[PDB]
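Notes follow the structure.
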Amino acid sequence: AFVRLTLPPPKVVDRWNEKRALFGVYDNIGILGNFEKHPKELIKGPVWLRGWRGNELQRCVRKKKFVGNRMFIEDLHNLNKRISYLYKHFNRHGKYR
Amino acid sequence: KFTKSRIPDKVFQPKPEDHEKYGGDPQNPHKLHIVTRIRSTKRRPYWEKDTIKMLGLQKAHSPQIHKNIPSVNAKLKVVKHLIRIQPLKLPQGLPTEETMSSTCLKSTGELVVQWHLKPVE
Amino acid sequence: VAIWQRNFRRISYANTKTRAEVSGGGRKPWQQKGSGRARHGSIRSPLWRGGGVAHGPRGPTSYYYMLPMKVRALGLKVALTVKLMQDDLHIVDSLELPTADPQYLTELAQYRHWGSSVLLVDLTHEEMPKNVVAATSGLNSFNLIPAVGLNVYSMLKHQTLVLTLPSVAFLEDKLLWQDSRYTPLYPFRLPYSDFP
Amino acid sequence: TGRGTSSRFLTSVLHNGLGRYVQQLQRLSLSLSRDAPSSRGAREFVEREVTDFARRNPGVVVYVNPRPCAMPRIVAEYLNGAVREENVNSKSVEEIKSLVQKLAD
Amino acid sequence: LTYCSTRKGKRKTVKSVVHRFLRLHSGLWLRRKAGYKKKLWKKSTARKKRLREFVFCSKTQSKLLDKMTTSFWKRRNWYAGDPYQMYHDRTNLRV
Amino acid sequence: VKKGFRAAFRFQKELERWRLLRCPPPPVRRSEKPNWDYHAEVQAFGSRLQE
Amino acid sequence: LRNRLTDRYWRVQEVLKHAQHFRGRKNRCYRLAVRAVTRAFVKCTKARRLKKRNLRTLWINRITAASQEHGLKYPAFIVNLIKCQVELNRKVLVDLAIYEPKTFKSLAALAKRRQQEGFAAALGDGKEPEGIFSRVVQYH
Amino acid sequence: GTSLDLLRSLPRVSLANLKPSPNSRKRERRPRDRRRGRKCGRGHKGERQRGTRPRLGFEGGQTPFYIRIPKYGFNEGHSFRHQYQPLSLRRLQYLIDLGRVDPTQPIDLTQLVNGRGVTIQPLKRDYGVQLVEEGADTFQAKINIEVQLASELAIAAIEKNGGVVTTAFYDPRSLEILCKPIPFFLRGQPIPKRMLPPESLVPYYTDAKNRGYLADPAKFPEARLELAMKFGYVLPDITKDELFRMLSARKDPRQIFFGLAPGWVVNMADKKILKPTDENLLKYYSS
RNA sequence: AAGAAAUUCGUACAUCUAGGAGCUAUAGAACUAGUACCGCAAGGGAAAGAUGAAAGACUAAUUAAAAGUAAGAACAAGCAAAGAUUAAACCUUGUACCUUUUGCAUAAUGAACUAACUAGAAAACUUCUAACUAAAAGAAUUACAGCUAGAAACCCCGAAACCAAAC
RNA sequence: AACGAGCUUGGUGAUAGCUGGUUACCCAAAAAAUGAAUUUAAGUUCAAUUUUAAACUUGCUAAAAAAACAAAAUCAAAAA
RNA sequence: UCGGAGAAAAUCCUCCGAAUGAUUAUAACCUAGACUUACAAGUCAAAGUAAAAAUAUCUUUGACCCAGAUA
Ligand SMILES: [Mg+2]
Ligand SMILES: [Mg+2]
Ligand SMILES: [Mg+2]
Ligand SMILES: [Mg+2]
Ligand SMILES: [Mg+2]
Ligand SMILES: [Mg+2]
Ligand SMILES: [Mg+2]
Ligand SMILES: [Mg+2]
Ligand SMILES: [Mg+2]
Ligand SMILES: [Mg+2]
Ligand SMILES: [Mg+2]
Ligand SMILES: [Mg+2]
Ligand SMILES: [Mg+2]
Ligand SMILES: [Mg+2]
Ligand SMILES: [Mg+2]
Ligand SMILES: [Mg+2]
Ligand SMILES: [Mg+2]
Ligand SMILES: [Mg+2]
Ligand SMILES: [Mg+2]
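Residue numbers (the deposited numbering), protein chains in the order written: chain i, 32 to 128; chain Z, 35 to 155; chain F, 99 to 294; chain b, 2 to 106; chain 3, 94 to 188; chain c, 31 to 81; chain R, 10 to 149; chain M, 9 to 295.
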């Protein structure tokens, strides 16, 4: 194997930038706020997995269910093929019956 | 078929000449056995393997003290060929609480109660 | 609780293409027999350079889960006790300050032996005094939050906690309500007999 | 590994014990971090055991250097000129004391 | 069976099990005897009586039937006038 | 280019070892090198010999 | 390639450092070097037991040479020294033969002396008293 | 608490000092080392090792166990059977003793649900609560309780102490509203009418001995006395009782709540109830 | 194997163009390019680059460092080493690796060598750790000590084929 | 430019009970290749073994008479 | 596929039969404890109750689904 002959530039991390300093604030919005909002409503991400979790087959089906009708042809064809592959893997293949 | 063997009783009935040869009185029989394993139980049937562990003779050339009673003797007869049986002898008597820590078992089969590691003088 | 706070928001955007999603790869490269080569059916299989990834990250993935409401409330009580018993908690009547200079606030923290970082809590965002708002705005390690914003993770990140007296009453009421309560018949945002 | 390595004969530095016994270890250096988890055990060694070791061995000069440090390190120098260095990173007090005695012997 | 269904992502019950076996809440499974309705004209009276009975299933059979059905079939059902009311519980079972 | 600062740091120590072998440094007296106190060393000299 | 091993250089040097004194591609090519190093280590471990036995064979040969100079076979030298309650081991007997020839001649005379007493004793039938050097110092 | 005194001595708690509870995490094993690598736990090469063994319940080609057993209607019609949550007098006394159920006012399914004494699942085919005789010997409360089913012994305990018990029918739509009234109010619909029992349950709820809500009141005195003679207690004249007005209270067969008629709209936001004035609607609701 | 609906719930961050416990030249797009090249055609389809502030300062350096060679061919004897030894070789000990074959290798496959890349993935039950407890759960679920949350799991490459539409 | 049926793309990561491969250390335990069914004998499911955890109590070797046989194993009082 | 018999608990070891009928005093229901047995299937049976006023006597096999016939 070959190794770097020089040290890379040192990594400088600001631990007190606004994002790091205020991380976690309002995670108790419900219990401390009379439950008007659930903490999951603060999660930013893809529309089909905000406040939700699942295995890859579940995620693929959930994305199709949410935004399947707004997807590009290449993407939708690839997503549909992924569902059929995962369907056959989880329901027919594995050590444990 | 290899099977467990029953020895005819005559084998264990001694002769008058035997007592002279081995120097044991048919009366006042010895009380405790000194038994050592001198052969391996590998290549021997499993029943012989079992008794050797029951009798404590797992390590070779390490003596075990056993009762000279018929039930124990029955087990010893099963493995008679893999062991050496020597009568335990007490020249100076049984060890007491005072002498329990000063004993030594000699190769002769005698349990001395005083072991000095000094010339007899 | 602190691990929940970090891991329930997390969504990873790492992805790799499987053999099915890399460009090309349809035709069989060469015949099975009479070649002297290893058998292959596609130039995009994982064994090839430029091929698909066998078990790589798949799409956007979420780590969402929820700790029980009593557990998360219990964590805040433990955190508040830890700050008090370790002499990191300072109860204040009000956050009013004589001057808006951020230097004054930093100097006061040194004088009173506060930590390098301080977390300040006020009852509500709307009524927080102007002077403290200006002072904390420019201070990286002095952070001002309202009472509804209090959390275990921020308390661990900041060395000392400053609570106003009204906030303490606010905090006690909400946390002690969690024990001695029923299970919910329906979400608490809906009207109840005795719950605000 | 015997034929892949060097060997020597049994020996002593200067006929160490014929007339009088001389301790070959002559200098020990201990580098610490004032505030670093990995140097905790070494810090406890300095608080409790370093002073006793120095008194028991008055012919060894012991240098304790607290400074910003990532890994605590012990350097041992002998009269024959040999130098041995030991990483003490996150070792308990007893292990460091046990190791320090080995260097002296 | 289906471990992760396409639409809901759930386990699916094998309905042929639900159509042949009864689960008591304690964990036991009931069944009929194979052939109890077949060729009764040539079976002995004692044989017919044995066939008519409801019979329990073994530990392995119970384990298999548990895998082939979902949790909905393992719940407590409070049916008024249930004829199996007493058999959903075990009494004086030391083991 | 593999991720990591640590492997680069390790190989720097390997480079130093090779450099010393090829062009060994000119020997320097222990007084110049760090961790030296003359007064303490002189006393230890006497204590070492039990004199 | 989110996670790639970055230390493979030192893992490779672990094997190759042991192979540098081999000849051929064994000494520098890891795939070949690793196989050779594993055989060298197995040989070293088994040679540790064999070394002890070979040294004893060397001592017995050297003792036979020394004893034959005085006219004694190896069994006669060893057993009759044992019968005199002398418990010198074979390793030490070689050191005396090479470096203390006058002492070793005394041992040969003692061994031959005890051997002759044994010959007379067997013909004695037990009526004859025991030999001067054939007496055993008892312990208790 | 000496443990809190220990915290005083120790260093600050922080994100760098955190540790999970001991044994809370098992180790995940990857097939990389020799122990769990190599064949990786799958055994020698075969159908199972390649991951393609037959489905659960397949027995290698012989007719499987779950298929050779005859079909029999154990679970026929299971989803259409009605289920009644059992409430014992022992549990009822426990709730009354701890103040979770108020004996001064009449007790209906809403009060039992509000006090968490019973948990109702209409979606899982619950039709209400049945009184269960267990705890009858030690029941010493005077109560007015409405249940869907009741047993002879349970009714005896209620009446002997001076209380009143009636059996009333609620339909699946009515049951959900009764169990959770407030969520219904937020919908903004008017209160619906209560449907009469199915033809199967009409005999039960029109029988005096069951204290049916549709049963003839004139036949109650005979039925109440009969239990007294059978179970060896003296029937108490409840008219003299001061709380007779509360004890005698009963809902109309088409009413879900005590003081709210069908068709009204509950404006919780403004603390008002709106009543329809259209005649045709009033005929619909009054029916 | 497939699989509803009735019926309940949902104002979704809203504001302005943001974000990454995503990749960093065999990775990430096939892409420096649908190019070069290959095919009559449909179609298939690559590879690679690295000075400094300044080149209007002669284009930078940095590295016992891969295999391969050279500097420096060899010297009775043997899986090439190990024990050793004053001594490199001599003496002594020693039937290459992986995979399989019955647990057997003088069998039979696979490997010229170096570098990089290249294959175990899911929570029904069970176990461990906690919250609260005849109740648990942030609505719909389970409950005759349960219920809730966490942690804990089940690979890769390879046919002859079959079908649809183009050429 | 290798037609018992062209070529290209796509279905497609076709399928393969078949061949090959399946990447750190340490500690511990360990079957057997037996019986049964199978378009099953190049595979699978169950028994049997093995194993981890837990509960509480006898187990292993031996074992008189004595029956069962016909005129060395099955059974297993006491003990050891 | 199963049953009977020798070897004697092996065999491509050697024989006979069965996919039965006859015979009738018509031979219920319910229920301890056991046999046999991978599963499935197959055996024996006290007590209690009920018909009558001795059992049936000779000595076997086909599951599930799905179709029939009836009260
Ligand atoms: Mg493709
Ligand atoms: Mg194709
Ligand atoms: Mg293919
Ligand atoms: Mg790629
Ligand atoms: Mg030897
Ligand atoms: Mg329920
Ligand atoms: Mg590229
Ligand atoms: Mg490319
Ligand atoms: Mg080179
Ligand atoms: Mg040689
Ligand atoms: Mg061949
Ligand atoms: Mg895994
Ligand atoms: Mg052609
Ligand atoms: Mg395949
Ligand atoms: Mg096969
Ligand atoms: Mg068939
Ligand atoms: Mg016994
Ligand atoms: Mg059975
Ligand atoms: Mg009878």
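Here a beta-carbon is modelled for each residue, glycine too, at the ideal position from N, C-alpha and C.
Could you tell me the alpha carbon to alpha carbon distance between residue i and residue j, rounded to whole angstroms?
| i | j | result |
| --- | --- | --- |
| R122 (chain R) | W68 (chain R) | 23 Å |
| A118 (chain F) | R107 (chain F) | 31 Å |
| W134 (chain 3) | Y74 (chain M) | 27 Å |
| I87 (chain R) | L97 (chain R) | 9 Å |
| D175 (chain 3) | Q197 (chain M) | 37 Å |
| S99 (chain b) | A83 (chain b) | 20 Å |
| residue 5 (chain M) | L282 (chain M) | Since the first residue shown for chain M is 9 and the last is 295, residue 5 (chain M) is missing from the structure and cannot be characterised. |
| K126 (chain F) | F103 (chain i) | 28 Å |
| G128 (chain 3) | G120 (chain 3) | 25 Å |
| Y135 (chain M) | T10 (chain M) | 54 Å |
| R78 (chain c) | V14 (chain b) | 14 Å |
Sort the options by Cα distance to residue i and report the nearest one.
| i | options | result |
| --- | --- | --- |
| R116 (chain 3) | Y180 (chain 3), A127 (chain 3), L186 (chain 3) | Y180 (chain 3) |
| residue 96 (chain c) | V51 (chain b), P38 (chain b), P59 (chain b), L29 (chain b) | The requested residue 96 (chain c) is not part of the displayed model; chain c covers only 31 to 81. |
| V173 (chain M) | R38 (chain M), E207 (chain M), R232 (chain M) | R232 (chain M) |
| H86 (chain M) | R98 (chain M), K132 (chain M), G170 (chain M) | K132 (chain M) |
| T75 (chain Z) | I103 (chain Z), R40 (chain Z), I68 (chain Z), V112 (chain Z) | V112 (chain Z) |
| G33 (chain R) | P84 (chain R), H27 (chain R), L41 (chain R) | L41 (chain R) |
| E184 (chain M) | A158 (chain M), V121 (chain M), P39 (chain M) | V121 (chain M) |
| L45 (chain c) | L53 (chain i), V34 (chain i), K96 (chain i), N48 (chain i) | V34 (chain i) |
| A165 (chain M) | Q119 (chain M), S96 (chain M), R195 (chain M), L194 (chain M) | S96 (chain M) |
| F128 (chain R) | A117 (chain R), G140 (chain R), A118 (chain R) | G140 (chain R) |
| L237 (chain F) | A52 (chain i), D58 (chain i), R123 (chain i) | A52 (chain i) |
| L110 (chain Z) | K152 (chain Z), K83 (chain Z), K55 (chain Z), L139 (chain Z) | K83 (chain Z) |
Regarding residue i and ligand 6, is the C-beta to nearest heavy atom distance less than 6 Å?
| i | result |
| --- | --- |
| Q129 (chain M) | yes |
Measuring from the CB of residue i, is there a heavy atom of ligand 3 at a distance below 6 Å?
| i | result |
| --- | --- |
| residue 98 (chain F) | Outside the shown range of chain F, which is 99 to 294, sits residue 98 (chain F), and nothing can be said about it. |
With a threshold of 6 Å (Cβ to nearest heavy atom), would residue i be considered close to ligand 5?
| i | result |
| --- | --- |
| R48 (chain R) | no |
| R62 (chain R) | yes |
Would you check whether ligand 8 has a heavy atom nearer than 6 Å to the C-beta of residue i?
| i | result |
| --- | --- |
| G149 (chain F) | no |
message: Under 8 Å: do the segment 171-189 of chain F and the segment 12-22 of chain M share three or more Cβ pairs, one atom per stretch?
response: yes
message: Within 8 Å, do at least three Cβ pairs link the segment 57-64 of chain c to the segment 161-180 of chain 3?
response: no
query: Any residues whose CB sits closer than 6 Å to a heavy atom of ligand 1? List them in chain order?
result: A118 (chain F), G123 (chain F), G124 (chain F)
query: Three or more beta-carbon pairs under 8 Å between the segment 200-214 of chain F and the segment 223-237 of chain F, yes or no?
result: yes
task: Could you tell me whether the segment 69-83 of chain M touches the segment 94-114 of chain 3, using the rule of 3 or more Cβ pairs below 8 Å?
output: yes
- request: Mind the definition here: the segment 145-157 of chain M touches the segment 191-206 of chain M only if three or more C-beta pairs lie below 8 Å; say whether that holds.
  value: no
field: Inter-stretch contact at 8 Å, needing at least 3 Cβ pairs: the segment 65-76 of chain b / the segment 28-48 of chain b
entry: yes
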